[PDB]
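In case you want the letters, here they are:
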Amino acid sequence: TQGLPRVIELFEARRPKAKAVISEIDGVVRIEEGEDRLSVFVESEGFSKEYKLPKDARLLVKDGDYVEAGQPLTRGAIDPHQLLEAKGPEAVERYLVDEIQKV
């Protein structure tokens, strides 16, 4: 359990230790792995951006799936600033409040 240090981690908006990753744009998910490291490509009409992922960490999105902006690709806590610059302010409010209340 994360607990009080997590509450502090939230109220201070501090970089999560087990940082998940979020899509900066809206596009399809194309998973590519030769066996070295894992790469997850969020690709769209005008933009193609790839995410470097460690082979060990697991993810929430199967290949070919649609992802909204700021939608977490991997499992873990989410860096507030990232989703602020991704999804926008209201979603940040929602996440912060819901996590504090989760604890």
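The deposited coordinates derive from X-ray crystallography, with the record listing a resolution of 4.000 Å.

## What to know about the pairing of strand β3 (residues 48-53)
As judged from the six bridges shared by strand β2 (residues 38-43) and β3, these two strands associate in the antiparallel manner. The residue of β3 that forms the bridge with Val-40 is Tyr-51. Hairpin connection of β2 to β3: four residues between the antiparallel strands.

## Looking at the nonpolar core
Grouped burial of nonpolar side chains is what soluble globular proteins tend to show. Membership of the largest hydrophobic core is limited to eleven residues, which are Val-21, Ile-25, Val-29, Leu-38, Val-40, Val-42, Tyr-51, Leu-53, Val-61, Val-67 and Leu-73. The set of elements that each furnish at least two residues to this core consists of β2 and β3. Sorting elements by how many residues they give to this core places β2 first, with three residues. If you look at the next biggest cluster of nonpolar residues, it comprises six residues, including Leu-10, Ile-22, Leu-83 and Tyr-95.

## Notes on the pattern of salt bridges
Applying the stated criterion across every chain yields a total of eleven salt bridges. Residue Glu-50 is joined to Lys-52 by a salt bridge in which the shortest nitrogen-to-oxygen separation is 3.8 Å. Exposure remark for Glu-50: the relative accessible area of 37% places this residue in the partly exposed category. What makes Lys-52 exposed here is its relative accessible area of 52%. One salt-bridge network, in which partners are shared between bridges, spans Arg-6, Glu-9, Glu-99 and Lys-102.

## As for the packing of aromatic side chains
Here a ring pair, both rings aromatic, is described through the centre-centre distance and the interplanar angle of the planes. Tallying each qualifying case throughout the model produces zero aromatic pairs. Taking NZ or CZ as reference, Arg-30 lies 4.0 Å from the ring centre of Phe-41, over its face.

About the criteria used
- Entry numbering is not used for residues: they are numbered from 1 along each chain in the order the sequence is written, which may differ from it, and residues without coordinates are omitted.
- Only a portion of a larger assembly is shown here, and every reported value applies to that portion alone.
- With hydrogens and water excluded, all non-hydrogen atoms of the structure serve as input to the side-chain values.
- Strand pairing follows a simple DSSP-based rule, namely that at least 2 bridges must link the two strands.
- Strands here mean DSSP runs of E at least two residues long; helices mean DSSP runs of H or I at least four residues long; both are numbered from the N terminus.
- In this description, a nonpolar core means a group of buried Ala, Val, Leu, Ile, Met, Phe, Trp, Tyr and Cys residues linked to one another through side-chain atoms lying within 4.5 Å.
- Burial classes follow relative accessibility: with a 1.4 Å probe on protein chains only, a residue under 20% of its type's maximum area counts as buried, one over 50% as exposed, and anything between as partly exposed.
- Within this document, salt bridges are pairs made up of a side-chain nitrogen of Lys or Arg and a carboxyl oxygen of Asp or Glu, the two lying within 4 Å of each other.
- By convention, a stacked pair of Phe, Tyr or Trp rings (six-membered ring in the case of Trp) has centres within 6.5 Å and planes under 30 degrees apart, an edge-to-face pair has planes over 60 apart, and any other such pair is tilted.
- By the criterion adopted, a ring carries a charge over it if an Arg CZ or a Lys NZ lies within 6 Å of its centre and within 35 degrees of its normal.

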